[PDB]
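Counting in this note's numbering, the sequence shown runs from 19 upward without gaps. The structure appears right after this line, and notes come after that.
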Amino acid sequence: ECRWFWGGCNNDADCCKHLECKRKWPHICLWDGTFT
């Protein structure tokens, strides 16, 4: 399972495949939009 929008995380893996975690505090799971 992964974290949803505004769920919290530290790394990109922590967030879903589509959701990307910002590498700058505050660290949260956001939406990328671009297909990996």
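Backbone N, C-alpha and C define an ideal beta-carbon position, used for all residues, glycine too.
C-alpha of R21 to C-alpha of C27: approximately 8 Å in a straight line. A distance below 8 Å between beta-carbons, with the five flanking residues on each side excluded, links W49 to the following residues of its chain, in chain order: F23, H36, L37, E38. The beta carbon of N29 lies closer than 8 Å to those of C39 in the same chain, with the five residues before and after it left out.
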